[PDB]
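Heads up, the chain below is alone and in the form deposited without its partner chain; it's given as structure tokens.
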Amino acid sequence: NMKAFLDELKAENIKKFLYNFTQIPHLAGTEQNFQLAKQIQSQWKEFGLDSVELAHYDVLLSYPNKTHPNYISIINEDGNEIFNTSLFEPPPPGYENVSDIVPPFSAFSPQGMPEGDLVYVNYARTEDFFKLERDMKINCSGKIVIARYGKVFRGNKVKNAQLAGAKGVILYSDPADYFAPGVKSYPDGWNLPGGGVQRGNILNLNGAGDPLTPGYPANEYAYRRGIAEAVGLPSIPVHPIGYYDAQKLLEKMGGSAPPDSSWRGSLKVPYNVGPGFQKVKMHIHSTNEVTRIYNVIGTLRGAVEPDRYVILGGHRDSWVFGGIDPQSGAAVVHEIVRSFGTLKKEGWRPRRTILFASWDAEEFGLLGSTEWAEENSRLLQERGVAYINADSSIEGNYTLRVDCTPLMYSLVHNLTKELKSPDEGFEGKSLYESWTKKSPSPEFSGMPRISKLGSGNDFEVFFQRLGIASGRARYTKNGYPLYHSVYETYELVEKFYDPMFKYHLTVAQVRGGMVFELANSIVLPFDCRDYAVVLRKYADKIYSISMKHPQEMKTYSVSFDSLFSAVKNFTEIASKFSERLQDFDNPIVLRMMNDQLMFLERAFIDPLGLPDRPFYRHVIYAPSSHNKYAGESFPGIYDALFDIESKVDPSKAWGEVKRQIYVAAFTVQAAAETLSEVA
């Protein structure tokens, strides 16, 4: 049973694995990450899984030219390079003989050497550019943005800069965002040093996966698009830097003052917006190449319903050592596997099949999970019960953070009531109790906050494309300063985040317990009434956004009646379905009603996808078009409404709002009807 599963999980084992996974870098496409794949595969076999395979793909990756390094310069009137940005981050104590630390770079930047005047765009959010071009009338065409990291996924910043006419982008970490007050830089605390730099990709893939093979797995015979028809590439060069290098570029900034204090970081600088101050010159030399990646897929066959899959997955590739991101998730998955395999060795099997995955190339655009899911989509869509992600277990040590589909709200509520809080001041009390005192829902009542799933991690294809119920759980802060830098080490974790490994252990219990229950409970632990509740809230919300335009709603006859009508029927049919679920015995009726619960998330998929994003097919949730990390509810209506006052042809824009209301109402009705009696 479950308690046996949970008691077998040990903090010491997690620590031991984390140490083992973080001694060398494990960058996607390198031999070191292949070797770790082979190790994971051996150990998952010894741990007891029925099978463990490597699935490999040849996908577009991106690396810096080892002999022609990337950097940024200030240049004078005569073209001499008076300031050069660092070529590498200062390696942390004791790691100075590690080879193959990839220098800071923006994966997938095109090559180029643009010169021009700087403009400072704050976080390069959609609204930051709105402030620039609309209020301040500053024009970014032919300019070079600098933008600080924070708030939104860096791909969105680059996209916004492109559309504003920019010819390059420089990203940097501002200490207002990445330097927490009163704690020391690494190695003496967990803050970002001025030489530290955040790596990461800058693609705008919108669920496509490998940019060369959208729709189809990048296997041995795959037909690849030419690089110019590739999906999601930036067309301007991009490079990130630390805040020491950034102070040098920002201190000379002229032109307009910052519009208000929310544009000002905490470097001792004016934070003028520009343009200009001498010029800035980018040197970027990174190549794209097709490179083999390896997913490890472990199978633990179910005893009764082996054709029903519960998937626990997270990535293995890291930018550098991956002490938090991802090896603190991976070390948790490893111990979960060990523990399931221990039960299995004593003759136990879960009722449903469990798949365990170590994904590759997540850092480069979720490529490993996506290619695999493109290869196995027919299996996943007819047999896929649930996907639980397993990236970083900790990004802080304050409380639990859970993002999931409404179908798992009750499962998570119940599970955390049975678990001991690891928090200081809640010993004896339940994880539910600490989590809900520390992070209460705004949306009602005596309950913990659970957020919407956006994207930016490996659950994306499973949820947004295929409609498999998904969740994720980790310990969070009240990203983190050392995110995607060389300073993310084992030492960072043991010394400053989780010395006892008890937050790790709690996350392993939450992740492992969700999976256990999904794989073993007789009736699937999904509550469809939870979907009914949030659908009303999302419909109230999208309605209020529309009601900011009362005249247009009158003129174009914009009714939401059909959506509220669908949400009411969903509520009603969902009640009747839960009554039936309580009142029945009989392996056919059980299978039928489980298939209804399993397919309910599936019912929200529209095979035509959302407008211009064919691979985002969930009608209720999609990643925000302005921030891949954030989920948006009723995304088709929300985007049809966004900035609608600026459109040229209002009747066409409002026509499209109404079309999206119709699609959402139809889809909510049709979802509901999957829970009606079947005949």
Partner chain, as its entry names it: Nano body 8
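Numbering follows the first chain given and starts at 1.
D585, though modelled here, lacks coordinates in at least a third of the other entries of this protein that were compared and that model residues flanking it. According to the entry, the deposited sequence runs straight from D135 to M136 with no unmodelled residues in between. The deposited sequence places 4 to 9 unmodelled residues between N478 and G479. Between 299-307 and 108-116, the higher mean Cα B-factor belongs to 108-116. According to the PDB record, 136-144 carries the higher mean C-alpha B-factor of the two stretches 136-144 and 225-233. Residues shown: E81, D606, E491, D595. Highest C-alpha temperature factor in the entry: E81. Among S318, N206, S328, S445, the highest C-alpha B-factor recorded in the PDB entry belongs to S445. Residue-level temperature factors show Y387 in the lowest third of its chain, judged at the C-alpha atom. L36 sits in the middle third of its chain by CA B factor, as recorded in the PDB entry. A357 sits in the lowest third of its chain by CA B factor, as recorded in the PDB entry. The entry lists a Cα temperature factor for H56 that places it in the lowest third of the chain's modelled residues. Per the PDB record, residue ranking by Cα B-factor puts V648 in the highest third of the chain.
The form deposited with its partner chain bound exists for this protein as well; it is not shown, and the discussion that follows is about that form.
Partner contacts here mean any heavy atom within 4.5 Å of its partner chain in the deposited complex, and among 113-121, 499-507, 189-197, 139-147 they occur only in 189-197. At the 4.5 Å threshold, heavy atoms of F459 stay clear of its partner chain in the deposited complex, well away from it. When its partner chain is considered in the deposited complex, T489 lies well away from it, no heavy atom lying within 4.5 Å. None of the heavy atoms of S392 is located within 4.5 Å of its partner chain in the deposited complex. Its partner chain is not drawn, but in the deposited complex it has no heavy atom within 4.5 Å of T291. Of the residues given (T416, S106, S434, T85), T85 alone sits with a heavy atom within 4.5 Å of its partner chain in the deposited complex. Contact with its partner chain in the deposited complex, defined as a heavy atom within 4.5 Å, holds for exactly one of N76, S410, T555, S430, namely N76.
Contact annotation for 235-272: residues with any non-hydrogen atom within 4.5 angstroms of its partner chain in the deposited complex are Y244, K248, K252, listed in sequence order.
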